[PDB]
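S.K.: The structure under discussion is supplied below as structure tokens; questions concerning it will follow.
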Amino acid sequence: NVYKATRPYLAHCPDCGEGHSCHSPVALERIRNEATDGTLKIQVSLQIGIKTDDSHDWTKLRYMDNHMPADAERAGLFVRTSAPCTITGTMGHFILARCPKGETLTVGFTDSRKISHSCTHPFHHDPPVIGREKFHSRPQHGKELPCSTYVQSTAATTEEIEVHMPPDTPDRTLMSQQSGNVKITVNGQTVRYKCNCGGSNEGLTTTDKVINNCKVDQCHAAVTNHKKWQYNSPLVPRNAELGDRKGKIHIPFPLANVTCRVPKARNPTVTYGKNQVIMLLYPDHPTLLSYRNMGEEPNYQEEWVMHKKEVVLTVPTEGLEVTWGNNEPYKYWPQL
Amino acid sequence: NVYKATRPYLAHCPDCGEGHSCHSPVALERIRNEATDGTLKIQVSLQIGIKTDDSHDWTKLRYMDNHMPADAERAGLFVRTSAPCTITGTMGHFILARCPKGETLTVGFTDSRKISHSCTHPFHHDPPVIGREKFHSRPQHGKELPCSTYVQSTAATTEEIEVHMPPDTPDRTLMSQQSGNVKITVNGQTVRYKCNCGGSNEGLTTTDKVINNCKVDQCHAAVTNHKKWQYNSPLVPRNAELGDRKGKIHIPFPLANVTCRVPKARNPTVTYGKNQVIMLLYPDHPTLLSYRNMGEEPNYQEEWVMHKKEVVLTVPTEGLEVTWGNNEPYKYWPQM
Amino acid sequence: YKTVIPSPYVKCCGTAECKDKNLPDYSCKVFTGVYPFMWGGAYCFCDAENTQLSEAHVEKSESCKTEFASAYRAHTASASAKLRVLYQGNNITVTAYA
Amino acid sequence: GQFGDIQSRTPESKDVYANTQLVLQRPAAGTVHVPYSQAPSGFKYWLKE
Amino acid sequence: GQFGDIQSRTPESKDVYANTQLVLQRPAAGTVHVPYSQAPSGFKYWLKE
Amino acid sequence: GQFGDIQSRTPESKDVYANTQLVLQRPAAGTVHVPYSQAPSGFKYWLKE
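Residue numbers (the UniProt record's numbering), protein chains in the order written: chain A, 332 to 667; chain U, 332 to 667; chain V, 860 to 957; chain B, 1007 to 1055; chain P, 1007 to 1055; chain F, 1007 to 1055.
Here it is as structure tokens:
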């Protein structure tokens, strides 16, 4: 249970809502888009499918709430670009989603206190249409084309992330300006403190401490817990009394080449003439039309047909090959 | 509570829902977009933050409901273009909102009877290009540039509007056929009546009146507003027994010069040649490219780079200055 | 600019008259045979004997104090320069009118 | 519609010059409103071009 | 695909003329459907062009 | 930014060649992050063009 040493945490966000930056528990880390099918591998600050007591529960969510981790609902979790996204997998920091055309990715959830937090990152989403037809619903039976997707195998293989120790979690809420002195409120936790002022200016306290004649800005505290592990996040600071000491853990949902069933453009209204071919193209989505001569000079010509179009193509003695979208090339021969 | 004297009224709408035009209490008047940051100043038919008894309550809304003003909820109020908008200020007829790219602006709310009314106006929204880069999502940290927005301070200062007496509203539901006579049911409102029949056939009543031997079709009533105040609107007629007698009230959300945060384009792959400079531009968002000669003839040229582009620029003896987005101008000089 | 438009004077069973006002871009017009409607029905009693006075004028917007462009007439120019001098092995800054 | 459609001495000045080509239109059937035909802001157009 | 692909005497007429170039295709593996290749409505195309 | 910005002998090879023009930038005020300027994937660009 690799989740024994593993744990959750918090990070910073560039957009928590209405263009304002804050420290969000749903902070975005890495948005992977290696899959050719359109599936996005989103890395978040919180953990999904695990409870605060370290137990598997698919309906529950684990997020960081002011120094302590708290439980939330799986139904409250949402992903969106320009319109809502369909979630196709959740485990720990990772979310799998199929999103429409967008310029900014948004990931959010709802807590126990009925308060919604969401992180927005600028990301140009535009999956490369598979095939030559822009369909919405996937067919059960169709043309087999090579593509890529993230598999649902949980097995510890292939891909891996770097995890380091979370020495002492910084917390400014532990210090308070008591008139002209600084009070350190422990709240049944082991706190490591350091101050610029005289007298006691270092140590590891288990009890409430007070620093005489000092300011909150000239002090620093943080909870200790060098017993849990943390992932190498750029949104979390590096451990002070540590160089490049780090660990590594295998990650689920790897990228693998698969097969996708696409469609084919509808045949156009074809009428023959004296050494020429007339085509009435009716495309439902942007369809590519290409043609070449079957002789010495091929003279390749390509054009993206989008609207109702009539094309007149000259057919030489050698022959003319016309390719209309994902359909097999149509061969034409004149004579006489 | 300046909302004691002031009141609300009704108007017309071009789209209340599903492309049908009606008389909406959430009717759109003026949509101001002078702020460079992206803030929109929306003027509506109803009043927010004021109750029917003329008292300040931020959780309450005041809208017109068939001749009489009624109370609603602040939480029910919504603004949207293509996706929902974040409301950053509400006071009276004015709403402040940050909206994404859209072609039609929609403003709505929910009443006491749990019925939702929304007004849609065609408006081309596309926050101007503050700087030299056309980004979508706003960054938390970037280049500081001067801009303007509407602040959320409710405080009665700076801007103001004109107010006065309102007109009379028509209402056939005020008259009733009591056997062979006409009964005018006031319901605690000032009503102006006129009839074809003899006796009392004119006046301004505050009490329930009865017209003996008359038909409902031969009469006509309408509510009026005098004890209350009204804003000098060009869509409402001027008070007959009044010249230029008017009052004035301070308005929320004034315009103030703030600071916008932008980003700087990434350095381009630069390769030097014989009196020429080659740049491989890779823009993430629409970035402006401008260049000039550092001599007698500057010959300024500007172009918006959006895709992968290779640009060859001639460098004269005097020098060539190239500006790529929000980055500092790159200076180039000829050599051997 | 700000197109200041007040509430239109709807005269029921009568005629309204335009008053020539000394205001920037002042525009006035009276429309005959108007039958307007409100929430509870018709605002006027008469069918075709009603008029509507529509008055308007152009003013400077509230933004003019902040958002504005200035039209200047440049006459002559006065030159002034910041000069660095390495005098007695030390750099000295000189700022004076040219 | 051009740069200078509205001319004032200073941003706080009292008297202003205005040439915007403002004409009132007849209101819609059973409607209370002031419809008008006017050339758009020359300053707003200049700020773009 | 052109204006006149379907010709009838009156909008309520019984007999009609039709030249649409309709050809049936073989159905997909383990699928019950009638796939076909036909030139789109000439009237609908004309209404646009 | 071109085809061959990253060169390796086999898909399972140990040693790799890399020319991507990677330069580190100064982080934002009161922010912990590693900002950088690097030419986009030549292979991803080639797959499109």
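All C-beta atoms, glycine included, are put in the ideal place defined by N, C-alpha and C.
Going by the CB atoms, is the gap between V554(U) and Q520(U) shorter than 8 Å?
M.R.: In contact: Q520(U) and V554(U) (Cβ atoms closer than 8 Å).
S.K.: Between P470(A) and the rest of its own chain, which residues show a CB-CB distance below 6 Å, the 5 nearest in sequence each way excluded?
M.R.: Counting only Cβ-Cβ distances below 6 Å, and skipping sequence neighbours, we find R592.
S.K.: In this structure, what does DSSP give as the bridge partners for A428(U)?
M.R.: DSSP, once it has assigned bridges, lists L371(U) and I418(U) as partnering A428(U).
S.K.: Quick one, which of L436(A), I461(A) and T441(A) has its alpha-carbon nearest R469(U)'s?
M.R.: Taking only the C-alpha atoms, the option nearest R469(U) is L436(A).
S.K.: Please report the residue range of the beta strand (DSSP E) in which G530(U) lies.
M.R.: Per DSSP, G530(U) belongs to no beta strand (DSSP E) and is neither H nor E.
S.K.: Taking the C-alpha atoms as reference points, what is the distance between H472(U) and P345(A)?
M.R.: Looking at the two C-alpha atoms, the distance is approximately 8 Å.
S.K.: Pull up the CB-CB distance for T1037(B) and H343(U), whole angstroms please, since I reckon it's below 8 Å.
M.R.: Indeed, because the Cβ distance is near 6 Å, the residues count as touching under 8 Å.
S.K.: Just to confirm my understanding: we take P458(A), look at its own chain, exclude 5 residues before and 5 after, and list those with CB closer than 6 Å. What are they?
M.R.: Same-chain partners within the cutoff: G369.
S.K.: Out of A940(V), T910(V) and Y868(V), which one is the CA nearest neighbour of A955(V)?
M.R.: Ranking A940(V), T910(V) and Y868(V) by Cα distance to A955(V) puts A940(V) first.
S.K.: Could you tell me the alpha carbon to alpha carbon distance between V357(U) and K919(V), rounded to whole angstroms?
M.R.: Distance between the alpha carbons of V357(U) and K919(V) is about 28 Å.
S.K.: Counting only C-beta atoms, is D615(A) closer than 8 Å to chain U at any point?
M.R.: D615(A) does not count as touching chain U.
S.K.: Okay, do the region 531 to 544 of chain U and the region 577 to 596 of chain U touch, 3+ Cβ pairs below 8 Å being the bar?
M.R.: Counting Cβ pairs under 8 Å, fewer than three are found: no touch.
S.K.: Which residues, in chain order, does the region 620 to 646 of chain U contribute to contact with chain F at a C-beta distance below 9 Å?
M.R.: The residues in question are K639.
S.K.: Please tell me whether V1029(F) has its Cβ less than 8 Å away from any Cβ of chain A.
M.R.: No, its Cβ sits nowhere closer than 8 Å to a Cβ of chain A.
S.K.: I need the boundaries of the beta strand (DSSP E) containing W389(U), first residue and last residue.
M.R.: Unbroken beta strand (DSSP E) run through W389(U): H387 to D396.
S.K.: Within its chain, find whatever has a CB closer than 6 Å to the CB of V460(A); leave out the 5 residues flanking it on each side and keep chain order.
M.R.: Contacts found: none.
S.K.: Using 10 angstroms around the beta-carbon of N909(V), count the other beta-carbons present and answer buried if the total reaches 16, otherwise exposed.
M.R.: Classification for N909(V): buried.
S.K.: Looking at C-alpha atoms only, which residue of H1039(P), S1014(P) and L1028(P) is the closest neighbour of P1046(P)?
M.R.: Of the candidates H1039(P), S1014(P) and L1028(P), the one whose C-alpha sits nearest the C-alpha of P1046(P) is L1028(P).
S.K.: Cβ of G420(A) less than 8 Å from any chain U Cβ?
M.R.: By this cut-off, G420(A) is not an interface position.
S.K.: Which residues in the same chain as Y1042(P) place their Cβ atom closer than 8 Å to its Cβ, once the five residues preceding and following it in sequence are excluded?
M.R.: Here the set comprises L1028, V1029, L1030 and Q1031.
S.K.: With H, G and I counted as helix, E and B as strand and the rest as coil, what does DSSP make of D388(A)?
M.R.: Strand, per DSSP.
S.K.: Going straight from the alpha carbon of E1018(B) to that of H448(A), what length do you get?
M.R.: If you take the alpha carbons of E1018(B) and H448(A), they lie about 45 Å apart.
S.K.: Starting from the Cα of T437(U), find the closest Cα among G423(U), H455(U), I446(U) and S443(U) and give me that residue.
M.R.: Comparing Cα positions, the closest option is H455(U).
S.K.: Go ahead and label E464(A) buried or exposed: buried means 16 or more other beta carbons lie within 10 angstroms of its beta carbon, across all protein chains shown.
M.R.: Result: buried.
S.K.: Taking just the CA atoms, how far does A358(A) sit from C430(U)?
M.R.: Cα to Cα, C430(U) sits roughly 22 Å from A358(A).
S.K.: For residue 677(U), collect the residues of the same chain with a Cβ closer than 7 Å to its Cβ; drop the 5 residues on either side in sequence, then sort them by chain order.
M.R.: Absent from the model: residue 677(U). The displayed extent of chain U is 332 to 667, so no value can be given.
S.K.: Using a Cβ cut-off of 8 Å (strictly closer), state whether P568(A) contacts chain F.
M.R.: Yes, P568(A) lies at the interface with chain F (some Cβ there is under 8 Å from its Cβ).
S.K.: Kindly indicate the opening and closing residues of the alpha helix (DSSP H) around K1050(B).
M.R.: First-last of the alpha helix (DSSP H) with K1050(B): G1048 to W1052.
S.K.: Which value, in whole angstroms, describes the spacing of the CA atoms of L1053(F) and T367(A)?
M.R.: Cα to Cα, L1053(F) sits roughly 12 Å from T367(A).
S.K.: Could you list the residues in the region 878 to 893 of chain V with a C-beta less than 8 Å from some C-beta on chain B, going in chain order?
M.R.: Here the close residues are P883, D884, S886, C887, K888, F890 and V893.
S.K.: Quick check on the DSSP output: the beta strand (DSSP E) that includes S886(V) runs from which residue to which?
M.R.: Counting along the chain, the beta strand (DSSP E) containing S886(V) begins and ends at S886 to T891.
S.K.: What does the alpha-carbon distance come out to for the pair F584(A) and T488(A)?
M.R.: Rounded to the nearest angstrom, the two C-alpha atoms are 10 Å apart.
S.K.: Alpha carbon to alpha carbon, how far is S413(U) from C430(A)?
M.R.: Whole-angstrom Cα-Cα distance: 16 Å.
S.K.: Would you mind working out which of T654(U), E649(U), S621(U) and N570(U) sits nearest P665(U), comparing C-alpha positions?
M.R.: The candidate whose alpha carbon is nearest that of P665(U) is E649(U).
S.K.: Considering only the beta carbon of each residue, do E434(U) and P617(U) sit closer than 8 Å?
M.R.: No; because the gap between Cβ atoms is not below 8 Å, this pair is not in contact.
S.K.: Give a yes or no on whether the C-beta atoms belonging to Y394(A) and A406(A) are separated by under 8 Å.
M.R.: Against a cut-off of 8 Å, the Cβ pair of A406(A) and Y394(A) comes out as no contact.
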